[PDB]
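Colleague: kindly generate the corresponding structure for this input.
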Amino acid sequence: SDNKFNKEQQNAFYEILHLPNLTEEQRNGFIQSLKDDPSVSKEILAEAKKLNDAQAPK
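Modeller: Residues are numbered from 1 along each chain as shown. Below is the structure:
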């Protein structure tokens, strides 16, 4: 039963929340996977960034 983040986790979690073209479903798909493997936070960010870029204008 956790109360608090970790220093790389909070960075990725804020950053994935900050993306506007991301869905209330998609967001959880990177965040949940971040709780699972925080060592790859950089690469989970790269997916959320890419999917926001897919759901942007042309």
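
Colleague: and the longest helix for this structure?
Modeller: With secondary structure taken from DSSP state H, the chain has its longest helix at helix 41-55.

Colleague: quick check: closest non-adjacent residue to the residue positioned nearest the centre of the chain.
Modeller: The residue lying closest to the centre of the chain (C-alpha atoms, centre = their mean) is residue 16, at 3.6 Å. Distances taken as C-beta to C-beta, 6 or more residues apart in numbering place residue 48 nearest to residue 16, at 4.7 Å, with adjacent residues excluded. Just so you know, the C-beta spots here come from the backbone N, C-alpha and C atoms, and that holds for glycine as well.

Colleague: burial count for that neighbour?
Modeller: Applying other C-beta atoms under 10 Å, we find 23 residues neighbouring residue 48.

Colleague: if I look at it, how far off is residue 1?
Modeller: Per C-beta to C-beta, to the nearest Å, residue 48 is found 26 Å from residue 1.

Colleague: could you do residue 7 as well?
Modeller: Using C-beta to C-beta, residue 7 is found at 20 Å from residue 1.

Colleague: between the two, who's got more neighbours?
Modeller: Shown here are residue 7 and residue 1; by other C-beta under 10 Å, residue 7 has more neighbours (7 against 2).

Colleague: and the helix or strand hosting residue 33, which residues are buried?
Modeller: According to DSSP states H and E, residue 33 maps onto helix 26-36. Within helix 26-36, the residues that count as buried by 16 or more other C-beta atoms under 10 Å are 26-27, 29-31, 33-34.

Colleague: which strands and helices sit next to the helix or strand containing residue 16?
Modeller: According to DSSP H and E, residue 16 maps onto helix 7-17. Packing partners of helix 7-17 (3 or more C-beta pairs under 8 Å, 6 or more residues apart in numbering; DSSP states H and E): helix 26-36, helix 41-55.
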